[PDB]
Peer 1: 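Sharing a structure here in structure tokens format.
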There are 2 protein chains.
Amino acid sequence: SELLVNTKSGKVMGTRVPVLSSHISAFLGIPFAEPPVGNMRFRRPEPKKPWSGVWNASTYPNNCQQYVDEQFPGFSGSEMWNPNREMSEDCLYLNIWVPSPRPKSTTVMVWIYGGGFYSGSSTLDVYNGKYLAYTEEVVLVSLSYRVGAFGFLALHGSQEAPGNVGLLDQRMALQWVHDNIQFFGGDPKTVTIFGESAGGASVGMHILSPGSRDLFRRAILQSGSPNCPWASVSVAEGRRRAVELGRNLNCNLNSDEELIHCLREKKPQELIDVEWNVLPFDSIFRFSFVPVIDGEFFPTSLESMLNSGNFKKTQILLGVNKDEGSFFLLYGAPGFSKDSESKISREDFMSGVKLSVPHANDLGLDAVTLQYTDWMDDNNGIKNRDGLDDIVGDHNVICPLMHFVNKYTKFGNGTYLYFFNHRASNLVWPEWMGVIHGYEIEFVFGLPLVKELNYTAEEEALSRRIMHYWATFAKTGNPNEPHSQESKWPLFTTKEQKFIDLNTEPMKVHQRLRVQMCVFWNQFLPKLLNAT
Amino acid sequence: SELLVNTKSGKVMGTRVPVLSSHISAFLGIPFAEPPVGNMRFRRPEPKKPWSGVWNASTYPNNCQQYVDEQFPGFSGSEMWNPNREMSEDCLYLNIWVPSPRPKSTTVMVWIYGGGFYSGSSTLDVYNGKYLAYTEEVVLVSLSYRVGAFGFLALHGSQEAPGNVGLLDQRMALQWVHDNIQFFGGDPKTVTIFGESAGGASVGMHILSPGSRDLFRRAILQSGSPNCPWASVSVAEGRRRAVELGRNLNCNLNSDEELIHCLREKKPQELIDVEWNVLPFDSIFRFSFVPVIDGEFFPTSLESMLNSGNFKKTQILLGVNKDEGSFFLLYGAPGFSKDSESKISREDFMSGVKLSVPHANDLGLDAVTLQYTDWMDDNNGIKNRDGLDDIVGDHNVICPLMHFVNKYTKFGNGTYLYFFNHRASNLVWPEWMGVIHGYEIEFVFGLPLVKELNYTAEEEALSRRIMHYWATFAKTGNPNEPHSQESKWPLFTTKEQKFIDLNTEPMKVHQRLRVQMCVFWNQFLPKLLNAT
């Protein structure tokens, strides 16, 4: 039977699903690790024990325990990102969409969801792999991993909460794909991992971490890189936040054992209710429990790894969205509102700058303000709004990714860069937010191909192009069709630094994506803060 | 006799001179102080002793002892600024151009020449007051003052070389105009002092210094202000340079008396030959002996005087030239040449930046470089050239003058600002130099009205407009004709900050003259250098 598969962990029973008036197979909720509950909380994941009988993989699994956004009850715009299944600590499962008839040895794509390392689910509607698996004929896999304190509590030096266990979760899911995808028709020597936001940062971390390098062939990073100021902390800051977490729940703090044990007796929602109280500064775009430079998963500091070429050399395709920051300003900066043009005063502008660059002294805050202010029109509400929007995106997503791509390209075997600047016609968020963080995802998964979702004809065409780029790159290491007649996505080189825009207009090639600012955020400011 | 005048110092005999096919009276070389020679060198000036008989004032006086530019032998471009008379320490004289028939009580204009406080003469062809006195019917006076070590050697604490004696020279010339101009037809209660470069800086210093405030009514400042980074030094740096001067001439350095005496036995050219060896840094646009904040001429620091409103309140008219820096780059920065387009490499660019901001640490040099570089075209030879040109002008002339005008306007009784951006059609300097430092002078003195000099018709028209503005402002405190139909030069206010361009095109009003950079040079950089 096409829906029955015999893996090294036991038999699995999938289900048939309709897609664009056709059908493909889907194996939902396959376990890849033992449930990380009770004594296992905060602990490294263990391989799932083989099982007899047939595993029913016809329905989505639960979502990991996480913080749930309630800033806009009912609003589809924000609820489409919330967990759509019962949350549970028993969350380590993966999903597979296989073409029909079943392939013999085709290209594999493993998706890693984003969510600031504090949220995310593989089961969201925007992550339905059926459209992509169907249209491009690839085996699509979406894994899951623990988030928040459950996957990133770090008390370096102990084995009960070593840290980075959330990344080990992803690595284990990849280990399973490596050992079993052949039974689903996938080629294990041709797996491409791709993700967005924290997922894009995760993908870059597997490229850097020695223990993950051999588990995949290529990588796609969307709006996120391993060296983002929010994606990781020192073992010291990790320890500091873990303890403060314990202090908010009145736990015995005399020893790691004392603290960990107390945290293991707590109900999931009890740790989530106080999770945001441990941040060191009043800030925007910063999260409590994230990966930590421990000397294990990451041998040394990330910057020295990037300079010494200490990372997997292969091809990578990555890019960013035009307005990466508007989302975090809406939820956390004074002056912004979902229902207004949000014109910002000088007052709120400088107030927002303090929230965006939390680790900066006054001299630094002044440097940023000078770099993003037009003194010929300093009280222009729309210029201060977009200025604040650029700052948040540049510092948190764009400038950090450009530093990675430039460091990587010096040792890699091929880089392809894009700038996504098309605002979907059906977006429910206000206009001032522009091309929002995470909204290029829907084009990657092909949602525009389904009429009932209401996209335009040009938006459907754009989705097929992107899907064909991502898929063609996954298979060959180049997003372009060998002998095509279409426009060529030029390769990004240390010298030219070419990149393309991704929208519904005739492709255009550009150079040096936001260099002026990237030099400010990657060369000048760091130096300023270190001297002063 | 129209050419005979009886002043409080004695009788004076002038000469008749032709101008634009007419005639006016000229009294050249009238003494206003005793010759500052021998024991008087470096000493404060003394009033000239009255004389019997008639003083022959029909020929120009000598020029003060000074450094002479020989970088381009024969080249009119640079020699038109060199002394055109025998140099001598006996140099304190003034020149007066009086309309014919002699006025009864008309507006007076006293010109103070520029030259970095190390050069200058009242007798240059470009400073011939006859055209202006004739065309606008005003009494025109040009004074002289000691420059270089002769007028600025400063050994605070002693009375033999107190410092600022060069400024006291100007003040004395003004004292004479105040006590005697009435006998030449001038109104002593309506004297306007105006100058360019160091002369513009001098004018601003008389506005600040308590002892000079009552000697004039209004002031015009061209391309120079009292707070320019090159116009003054601390008593300590003054003392340091005076001593180093003595060390270059092998003088006994055990005491001020020892040093001063040794410097007084030296021939003029001996001090001039080593004058440039005392600068503290390898630099561009910096001079050895300049005014010093001594607590006498200047009560306190200049910045505190400007903030407390401690200065003469009146009307002022001032502005700058488009390309104030090209002249100092030509003579002192690697890469620039009089006979080439001078395209600058990245190498020379950063090299020039080090020479332009001599007192800056590496962090500061990097701030400037980032502020003036276009990272999308960083190896563009023409962009690095103009970038270096803007830096020198902004830091040395434009940003400092904007700080003054903004501080002054808060307490003054009327400010008028201009931006001169017309390059004369007969300039002998290369094109890359643009609207050069000091070339607005020729329009102020009316040289374009004389056919044989070869200006265009629009350039002659521009000269009459400027002459009428300067003269109409000198008489009324407003450059505009009461009920004219022409375009109005709007008043500069703290709020709007309006200013006009000065060229051969239909007047246009603008706002916030180079604010972006002025905020960098007046607010950010100072702060950066002080924190680091």
Side-chain angles (χ1 to χ4, degrees), chain B residues 36 41-43 65-71 83 87 89 114-120 145-158 160-169 197-198 201-202 205 224 226 228-250 252-261 263-294 297-298 327-329 331-334 352 354-360 392 395-396:
Chain B
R41 183 187 285 173
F42 306 130
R43 196 174 283 171
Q65 284 289 180
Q66 51 182 280
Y67 171 79
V68 181
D69 171 34
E70 270 167 61
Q71 178 63 185
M87 286 184 287
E89 275 192 286
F117 290 119
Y118 73 83
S119 51
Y145 60 95
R146 288 167 285 173
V147 299
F150 302 102
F152 297 98
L153 185 73
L155 286 174
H156 186 64
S158 94
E160 288 312 309
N164 300 323
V165 309
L167 291 178
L168 293 185
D169 282 344
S197 188
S202 288
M205 289 170 181
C228 285
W230 50 267
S232 74
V233 300
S234 65
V235 300
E237 181 50 18
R239 175 164 287 282
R240 192 228 118 214
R241 295 179 192 188
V243 172
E244 200 54 38
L245 172 67
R247 196 191 309 289
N248 274 259
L249 298 169
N250 317 294
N252 183 325
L253 314 181
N254 297 312
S255 69
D256 291 358
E257 299 54 46
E258 227 76 40
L259 174 57
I260 300 171
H261 172 286
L263 291 167
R264 286 189 178 162
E265 293 311 290
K266 301 295 184 171
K267 286 163 174 46
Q269 194 51 49
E270 314 196 67
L271 284 61
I272 294 175
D273 282 328
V274 298
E275 156 173 49
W276 298 93
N277 297 345
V278 307
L279 286 180
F281 312 110
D282 180 353
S283 58
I284 190 184
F285 216 130
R286 290 294 186 279
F287 319 111
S288 301
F289 307 97
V290 296
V292 49
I293 313 301
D294 61 356
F297 195 99
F298 303 110
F327 213 103
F328 309 74
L329 281 160
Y331 283 61
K354 180 63 184 170
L355 255 36
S356 312
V357 188
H359 60 295
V392 184
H395 167 65
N396 291 291

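No hydrogens, no waters, no symmetry mates; every other heavy atom, side chains included, goes into these values. Throughout, a chain's letter reflects where its sequence line sits, starting with A, and its residues are numbered from 1.
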Peer 1: Step by step, work out the side-chain contact (heavy atoms from CB on, under 4.5 Å) result for B:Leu279 and B:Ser288.
Peer 2: CA-CA 6 Å; B:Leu279 286 180; B:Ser288 301; 4.0 Å; yes
Peer 1: Does the B:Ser255 side chain pair with the main chain of B:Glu258, one donor and one acceptor, at a distance under 3.5 Å?
Peer 2: yes
Peer 1: Counting C-beta onward and ignoring hydrogens, is there a side-chain heavy-atom pair between B:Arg239 and B:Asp256 closer than 4.5 Å?
Peer 2: yes
Peer 1: Compare all side-chain heavy atoms of B:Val292 with those of B:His156 and state whether any distance is below 4.5 angstrom.
Peer 2: no
Peer 1: Excluding sequence neighbours, so at least two apart, what forms side chain to side chain donor-acceptor pair (under 3.5 Å) with B:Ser232?
Peer 2: none
Peer 1: So B:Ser283 and B:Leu355, do their side chains get closer than 4.5 Å, heavy atoms only?
Peer 2: no
Peer 1: Let's go through B:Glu275 and B:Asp273 carefully: what are the C-alpha distance in whole Å and the side-chain angles of both, what is the deciding distance for side-chain contact (heavy atoms from CB on, under 4.5 Å) to 0.1 Å, and is it a yes or a no?
Peer 2: CA-CA 6 Å; B:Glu275 156 173 49; B:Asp273 282 328; over 6 Å; no
Peer 1: If we only count heavy atoms from C-beta on, is the B:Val290 to B:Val233 side-chain gap below 4.5 Å?
Peer 2: yes
Peer 1: What pair of heavy atoms forms the shortest contact from B:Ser158 to B:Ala161, and how long is it?
Peer 2: OG-N, 3.5 Å
Peer 1: Is there a side-chain contact between B:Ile293 and B:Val235 (heavy atoms, below 4.5 Å)?
Peer 2: no
Peer 1: Does any part of the side chain of B:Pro280, heavy atoms only, come nearer than 4.5 Å to the side chain of B:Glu237, both counted from C-beta?
Peer 2: yes
Peer 1: Let me confirm one number: the CG-CZ distance from B:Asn164 to B:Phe289, rounded to the nearest 0.5 Å.
Peer 2: 13.5 Å
Peer 1: May I ask you to decide if B:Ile260's main-chain N or O and B:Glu160's side chain share a donor-acceptor pair within less than 3.5 Å?
Peer 2: no
Peer 1: Do B:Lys354 and B:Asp282 meet the salt-bridge criterion of a basic N to acidic O distance under 4.0 Å?
Peer 2: no
Peer 1: With a 4.0 Å cut-off, would you call B:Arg146 and B:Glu89 a salt bridge?
Peer 2: no
Peer 1: Give the minimum heavy-atom separation between B:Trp230 and B:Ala201, together with the two atoms involved.
Peer 2: CH2-CB, 4.0 Å
Peer 1: Determine the interplanar angle of the B:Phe285 and B:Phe328 rings, folded into 0 to 90°, and report it as parallel if under 30°, tilted if 30 to 60°, perpendicular if over 60°.
Peer 2: parallel
Peer 1: Just wondering, do B:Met87 and B:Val68 contact through their side chains at under 4.5 Å, heavy atoms?
Peer 2: yes
Peer 1: What is the minimum heavy-atom distance between B:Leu167 and B:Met205, and which atoms define it?
Peer 2: CD1-SD, 3.9 Å
Peer 1: Any donor-acceptor pair under 3.5 Å linking the side chain of B:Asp294 with the backbone of B:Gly163?
Peer 2: no
Peer 1: Kindly determine whether B:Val165 and B:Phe150 satisfy side-chain contact (heavy atoms from CB on, under 4.5 Å), including the steps that lead there.
Peer 2: CA-CA 8 Å; B:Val165 309; B:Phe150 302 102; over 6 Å; no
Peer 1: Flag the pair B:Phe117 / B:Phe152 as yes when their ring centroid distance falls below 6.0 Å, and as no otherwise.
Peer 2: yes
Peer 1: What is the minimum heavy-atom distance between B:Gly115 and B:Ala198, and which atoms define it?
Peer 2: N-CB, 3.9 Å
Peer 1: Are any of the side-chain heavy atoms of B:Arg41 and B:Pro36 separated by less than 4.5 Å?
Peer 2: no
Peer 1: Testing the basics here: between B:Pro226 and B:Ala231, what is the closest heavy-atom pair and its distance to 0.1 Å?
Peer 2: O-CB, 4.1 Å
Peer 1: After noting the C-alpha distance and the side-chain angles of B:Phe42 and B:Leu155, does the key distance pass the side-chain contact (heavy atoms from CB on, under 4.5 Å) rule?
Peer 2: CA-CA 10 Å; B:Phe42 306 130; B:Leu155 286 174; over 6 Å; no
Peer 1: What's the spacing between B:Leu263 CG and B:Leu245 CG if we round to 0.5 Å?
Peer 2: 5.0 Å
Peer 1: Check whether any side-chain N or O of B:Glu270 sits under 3.5 Å from a backbone N or O of B:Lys267 as a donor-acceptor pair, and report yes or no.
Peer 2: yes
Peer 1: Which pair of heavy atoms, one from B:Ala242 and one from B:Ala154, lies closest together, and at what distance?
Peer 2: CB-O, 4.1 Å
Peer 1: A quick test of your reading: do over 12 heavy atoms of other residues, nucleotides or ligands sit less than 6.0 Å from CD of B:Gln71?
Peer 2: yes
Peer 1: Classify the ring geometry of B:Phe287 against B:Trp276: parallel below 30°, tilted from 30° to 60°, perpendicular beyond 60°.
Peer 2: perpendicular
Peer 1: With rounding to the nearest 0.5 angstrom, report the CZ to CG distance, B:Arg43 to B:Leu168.
Peer 2: 13.5 Å
Peer 1: Do B:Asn277 and B:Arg241 meet the criterion of a side-chain donor-acceptor pair at a distance under 3.5 Å?
Peer 2: no
Peer 1: Look at the side chain of B:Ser119 and the backbone N and O of B:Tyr67, then say whether any donor-acceptor pair between them is shorter than 3.5 Å.
Peer 2: no
